[PDB]
Amino acid sequence: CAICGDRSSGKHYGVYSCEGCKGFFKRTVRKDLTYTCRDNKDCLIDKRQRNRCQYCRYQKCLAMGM
Amino acid sequence: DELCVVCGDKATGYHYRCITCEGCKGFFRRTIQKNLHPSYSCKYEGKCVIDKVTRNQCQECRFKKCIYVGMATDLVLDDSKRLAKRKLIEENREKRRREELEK
DNA sequence: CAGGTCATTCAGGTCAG
DNA sequence: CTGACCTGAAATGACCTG
Ligand SMILES: [Zn+2]
Ligand SMILES: [Zn+2]
Ligand SMILES: [Zn+2]
Ligand SMILES: [Zn+2]
């Protein structure tokens, strides 16, 4: 996955991504609000840490193209 | 996830952003809910040891340790959000009228 | 692979001890 | 008062639909 560490279920929206970042981004823009990092957009998005920060994960989504 | 970052006991996952045990989770929740902290007063110098056995010996040191490690006092629902939750759960229990609506 | 499911995986309340 | 145990909302992420 161009976002976390997990395998990609092919391409979705703006890049190949996992069903986790897929579902995550699938839900985000639809029922959209505004995530806010509790830290300083440093949160390393990886398989074991991806759900920790929705800000970084979202920005990370649109950042790598989506 | 495995051990409580506040006292070292076995933890039950994330609670208020930190890996904690049911003990520190409950204590934190109740201190914030009832604003009990101001009355907390260490009876020596705030250097008390907080471990899985001594955690209840000094309420102030235990709370200052919960803050230090990063427990989020903002994840403890205020009265409007807490009451909204109870309201929701009670009214949801209206699955009762549907059960009887089946037949 | 846009599309939906929808079983599964952290809050407040409880009450014995 | 504490905390082991519980209830259930809500979010995640697997797996199907055409
Ligand atoms: Zn991913
Ligand atoms: Zn972040
Ligand atoms: Zn603890
Ligand atoms: Zn003390």
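Proteins come first, then strands; the chains are lettered A, B, ... in the order of their sequence lines, and each starts at number 1. Side-chain atoms are counted along with the backbone in the values below, which use heavy atoms only and exclude waters and symmetry mates.
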Query raised in the report: Stem ranges for DNA chain D, with three or more consecutive Watson-Crick or G-U pairs under 3.5 Å?
Result: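 Stems found: C:2-9 with D:10-17, C:10-17 with D:1-8.
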Query - Qualifying side-chain hydrogen bond (donor to acceptor under 3.5 Å, both in side chains) pairs, either residue in residues 27-36 of chain B, two or more places apart - result: B/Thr31-B/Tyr40
Query raised in the report: For DNA chain D, what residues of residues 48-60 of chain B have any heavy atom nearer than 4.0 Å?
Result: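 Correct list: B/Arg55, B/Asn56, B/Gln59.
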Query raised in the report: What string of B, S and - do you get for nucleotides 6-17 of chain C 5' to 3' if you count protein non-hydrogen atoms under 4.0 Å?
Result: ----SBBBB---
**Report entry** Any residue meeting side-chain contact (heavy atoms from CB on, under 4.5 Å) with B/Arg17, in chain and number order, not counting sequence neighbours
**Finding:** A/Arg38, A/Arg52, B/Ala72, B/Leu75
Requested in this report: Describe the nucleic acid contact of A/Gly20 in one word from base, sugar-phosphate, nothing, applying a heavy-atom distance below 4.0 Å.
Outcome: sugar-phosphate
Query raised in the report: Base, sugar-phosphate, or nothing for B/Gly26, non-hydrogen atoms under 4.0 angstrom?
Result: nothing
Query - Results of salt bridge (charged side-chain N to carboxylate O under 4.0 Å, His left out) for A/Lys41 - residues two or more places apart only - result: none
**Report entry** salt bridge (charged side-chain N to carboxylate O under 4.0 Å, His left out) partners for A/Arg30, two or more places apart
**Finding:**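 Once residues adjacent in sequence are excluded, A/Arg30 has no partner under the salt bridge (charged side-chain N to carboxylate O under 4.0 Å, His left out) criterion.
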Near-strand residues of [range], defined as heavy-atom separation under 4.0 angstrom from DNA chain C:
range	result
residues 25-48 of chain A	A/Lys26, A/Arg30
residues 1-19 of chain A	A/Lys11, A/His12, A/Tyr13
residues 57-66 of chain A	none

Query raised in the report: Cluster partners of A/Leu44, using ILVMFWY side-chain heavy atoms under 4.5 angstrom, listed by chain and number?
Result: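 Reading the cluster by chain and number, A/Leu44 sits alone, since nothing else belongs.
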Requested in this report: Kindly give the cluster partners of A/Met64, where membership spreads through any ILVMFWY side chain lying under 4.5 Å from a current member.
Outcome: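 The other cluster members (ILVMFWY side chains, heavy atoms under 4.5 Å, direct or chained) are A/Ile3, A/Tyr13, A/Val15, A/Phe24, A/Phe25, A/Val29, A/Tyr35, A/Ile45, A/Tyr55, A/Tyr58, A/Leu62, A/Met66.
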Query raised in the report: For the pair made of CG in B/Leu88 and P in D/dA9, what is the distance, rounded to whole Å?
Result: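 It is 7 Å, rounded to the nearest whole Å.
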